Structures are given as structure tokens and as C-alpha cells.
Amino acid sequence: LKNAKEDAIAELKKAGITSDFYXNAXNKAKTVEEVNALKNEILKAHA
């Protein structure tokens, strides 16, 4: 496990992504693969 989760959280917070469900999606995604998939999903959805 790498801190890709925390780095993703920081990136999304900087992006302005605000939602308590995305920070459940925090405790849910625990592997880098999920973190990347979810981050990229949120990025695409916000774009």
C-alpha cells in the first residue's frame, strides 16, 4: 500500500471535490488501483 490514497484525496480537495460520499468512497477504496480508478472517475465526472 502506497499513500496514493492520501495523494488522491489532496488532489481532489485541491480540485474542489466536495462530498461526504466521496470521502465513504475514502474508507472504501483501499488499493492503489481503486484509488486511481475512482480519482479518474471523479476527475472525468467533474470535467
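Going by the annotation in the PDB entry, the name recorded for the protein is Peptostreptococcal albumin-binding protein, with Finegoldia magna given as the source organism.

Trainee: Would you mind showing me how to read the overall build of the protein here?
Mentor: The number of helices and strands found in the protein is three helices and zero strands. Helices and strands appear in the protein in the N-to-C order α-α-α. A principal-axis box enclosing the C-alpha atoms of the protein has dimensions of 25 × 20 × 15 Å.

Trainee: Honestly, the pattern of salt bridges in this entry has me stumped. Any pointers?
Mentor: One side chain can pair with another of opposite charge once the charged atoms of both are near each other. For the structure shown, the criterion picks out two salt bridges. For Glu6, the salt bridge goes to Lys5, with nearest N and O atoms at 2.6 Å. A relative accessible area of 44% means that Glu6 is categorised as partly exposed. Judged by its relative accessible area of 29%, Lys5 is partly exposed. The partner of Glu11 in a salt bridge is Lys14, and the shortest N-O contact between them spans 3.2 Å. Here the residue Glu11 and the residue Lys14 both occupy positions in helix α1 (residues 4–15), the gap between them amounting to three residues, near one helical turn. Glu11 sits in the partly exposed class, given a relative accessible area of 29%. The exposure class of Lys14 is exposed, given its relative accessible area of 64%.

Trainee: When you look at the environment of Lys44 in this model, what are you seeing that I'm missing?
Mentor: Along the polypeptide, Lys44 turns up in helix α3 (residues 32–46). For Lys44 and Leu1, which are 43 residues apart along the polypeptide, the C-alpha to C-alpha distance reads 25 Å.

Trainee: Is there a simple way to think about the packing of α1 against α3 in this case?
Mentor: Two quantities define a packed helix pair, namely the angle between the helix axes and the distance between the axes. At a minimum axis distance of 9 Å, the contact between α1 and α3 shows a crossing angle of 10°. Classified by the angle between their axes, α1 and α3 sit roughly parallel to one another. Taking contact as the criterion, the partners of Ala4, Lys5, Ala8, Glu11, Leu12 and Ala15 in α1 are, on α3, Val32, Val35, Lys39, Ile42 and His46. Each residue belonging to the contact of α1 with α3 can be placed in one class, and the counts come to seven nonpolar, one polar and three charged.

Cut-offs applied
Residues numbered from 1 in each chain as written, not as in the entry; some residues may be left out. Heavy atoms only, no water. Residues with missing side-chain atoms left out of burial classes, pairs and counts. Helix = DSSP H or I, 4+ residues; strand = E, 2+ residues; numbered from the N terminus. Salt bridge = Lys/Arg side-chain N within 4 Å of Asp/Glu carboxyl O. Buried < 20%, exposed > 50% of the residue type's maximum accessible area, 1.4 Å probe, protein only. Axes fitted to C-alpha atoms, helices over the stretch in contact; angles between N-to-C directions. Parallel < 35°, antiparallel > 145°, perpendicular 65-115°, else oblique. Contact = heavy atoms within 4.5 Å. Nonpolar A, V, L, I, M, F, W, Y, C, P; charged D, E, K, R; others polar.

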